[PDB]
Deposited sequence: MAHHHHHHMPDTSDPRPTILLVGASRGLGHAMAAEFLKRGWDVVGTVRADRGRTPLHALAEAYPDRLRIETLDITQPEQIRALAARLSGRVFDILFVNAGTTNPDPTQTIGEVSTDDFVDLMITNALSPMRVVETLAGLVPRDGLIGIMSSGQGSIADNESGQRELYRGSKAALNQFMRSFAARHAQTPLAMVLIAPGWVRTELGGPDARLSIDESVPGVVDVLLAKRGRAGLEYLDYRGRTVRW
């Protein structure tokens, strides 16, 4: 059975993607923070005790990402998917209004830390494997005609740019990469997984939404 390493799978879209990959016959290794009591991912492992493994990880600590990579060494995953990021509690703040702490925290959680996950765990994917990262339609600079969610938008545009440079470093390889714009969950998640499955084996980085359409950068 094919295997996916899904970073950030405790709740929300991450838990839904784990269940959807399980539904399609994949084995899943999903990560959560250890300092949570009990998450939907723990319930899902009780329903799939043979096919879902849970690992704990705070991705804002690079040593923990490295420790996870060392623990999984020798293991090969067909997909690495990074589902990392959050929002500011008041997304209506303008960039001129946010505190320095607001700005630093969200840039670290949404752009630096997912890229560190990709770079550190990339070795657990075959040279022709797939690495996917949860981005957002808000990260598209061409599409930003309306503003709003200003800090979040900037964090996701930096993420997309960082990933394009990572892709450039792999331009001579058959590595497949995708930034996903997820676009309730039952309407979005089956598509996201369709898109990931359809992207396997197609080398290079694309920016794709949950219906598989190219998102302008």
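Unmodelled segments of the deposited chain, in sequence order: 1 to 15, 199 to 211.
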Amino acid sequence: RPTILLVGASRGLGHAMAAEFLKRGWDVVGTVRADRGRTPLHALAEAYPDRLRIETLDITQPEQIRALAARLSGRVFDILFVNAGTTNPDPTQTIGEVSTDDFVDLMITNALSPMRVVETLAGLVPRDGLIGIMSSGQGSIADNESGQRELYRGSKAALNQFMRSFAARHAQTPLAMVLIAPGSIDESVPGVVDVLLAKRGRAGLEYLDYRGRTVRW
From here on, numbers count along this sequence of modelled residues.
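Checked against the record, the higher mean CA B factor of 131 to 139 and 74 to 82 lies with 74 to 82. As the entry records it, the average C-alpha temperature factor is higher for 208 to 216, out of 208 to 216 and 2 to 10.
Per the PDB entry, 174 shows the highest C-alpha temperature factor of the residues 40, 30, 154, 174. In the deposited coordinates, the residue among 187, 55, 150, 35 with the greatest CA B-factor is 187. In this PDB entry, the Cα temperature factor of residue 87 sits in the middle third of its chain's modelled residues. Per the PDB record, residue ranking by Cα B-factor puts residue 66 in the lowest third of the chain. Sort the modelled residues of the chain by CA B factor and residue 159 lands in the lowest third.
For residue 126, the recorded CA B-factor ranks within the highest third of the chain. Only modelled residues enter the ranking. When all modelled residues of the chain are sorted by CA temperature factor, residue 18 is found within the lowest third.
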